[PDB]
């Protein structure tokens, strides 16, 4: 064994089907080739989080700032039923607040693609930057009765306390809501967003409700300033500002969610506030395929100012497939998002190892080894899917189980690492019918109803005319240029 020593990396584990499948993937695709040992595991199981009163969470955050590259598994934010069943003494919420605080912010939700010949919802990649902090999700509130509410601001600027808002609550049933948006890291965000769009040949956009909530116009201002100063020239010089008329376009929240579903050939990126970005990314996810086919990557700033990158899949622990496994029924979990997050974490760990130790040879070379490996591992997994041996949500009921999918990808991976151009090339495909998706069984009787509805002619005479009627009746016909 002369295996490569993987760079230091934080590894946060959860429970259930995703813990089982990540364990399977690391053992089959990584330990064959890597000395881990510099990985720093943390058990964020519900039970382990509760016994340590979340000291394992404070240790994961600490390890993350010091190391700066972290893969995290899906975790259970236990519901009351689940909190009782597990019997956790002192309920603890989502670890997200801890991580996003300890590491600074922004949350990249970009579509996953099988660049070797499986079409998905979007023909070309989509990027999305969901501002990691601020907004309604972090609001403080209280139900209050009669009186007056007073919002003061106390500057460290030495100046006098500021009356932000004062109001006279006449009712005996009120709710009051207060929150903030921190906007410093909007200019880092812009640089991350615009630059990654440059590299990818993506037309970028900014999405807000700034016309209606004027407190949001700061966001768009910084995005605009940074853009005009540093990237507009390079964007036109690549001819990407073309489908948006020469400048960075602002989209109001509610025209954004339409070009999402419309410009279905992809090749666009969007940046937005935390709440809006959550909603819009769920929407992009559904257009592309399912939630597991979207990235969920925190990018933040370490105290020293280096990049902290944390990677996640966009699904939970998948309890029902866990129960199927416990009762000996076969399961078929798509590991795509999980694998993508693991190789992102590993890649950034290698990058940080070289950046933290320049003037070290076998670290700028370890990085290049890592990137070549993750490239041929992607090939092994995409080709497996293309040979019809993907999991059952993509390859249909003849698709492999979780375990034989992992094993078959390891088989191709050991071969691909030694030339091995046997088999033959797998085929180009096309969207596996979305009905293969888990927990998506439609309503064939309803959709009968609606196609016969738009008839009034014969055996569904569409002949475009009905299509046009449909799309206007739908309120989805593209408007004109004007």
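Numbering follows the first chain given and starts at 1.
Q: Per the record, averaged over C-alpha atoms, which has the higher B-factor: 79 to 87 or 124 to 132?
A: Comparing 124 to 132 with 79 to 87, the higher mean C-alpha B-factor belongs to 79 to 87.
Q: Give the stretch, out of 345 to 353 and 171 to 179, with the larger mean C-alpha temperature factor in the deposited entry.
A: The recorded data point to 171 to 179.
Q: Among 43, 59, 35, 422, where is the Cα B factor highest in this entry?
A: Answer, based on the entry's C-alpha B-factors: 422.
Q: Highest recorded C-alpha temperature factor, please, choosing from 118, 313, 256, 272.
A: Top of the list by C-alpha B-factor: 256.
Q: Could you say whether, by C-alpha temperature factor, residue 48 belongs to the lowest, middle or highest third of its chain?
A: CA B-factor rank for residue 48: middle third.
Q: What third of the chain, by the recorded C-alpha B-factor, contains residue 158?
A: It belongs to the highest third of the chain when residues are ordered by C-alpha B-factor.
Q: If you rank every modelled residue in this chain by C-alpha B factor, which third holds residue 145: lowest, middle or highest?
A: For residue 145, the deposited C-alpha B-factor lands in the highest third.
Q: Place residue 151 in the lowest, middle or highest third of its chain's C-alpha B-factors, as listed in the PDB entry.
A: CA B-factor rank for residue 151: highest third.
Q: Is the Cα B-factor recorded for residue 69 in the lowest, middle or highest third of its chain?
A: For residue 69, whose C-alpha B-factor we compare with every modelled residue in the chain, the answer is the lowest third.
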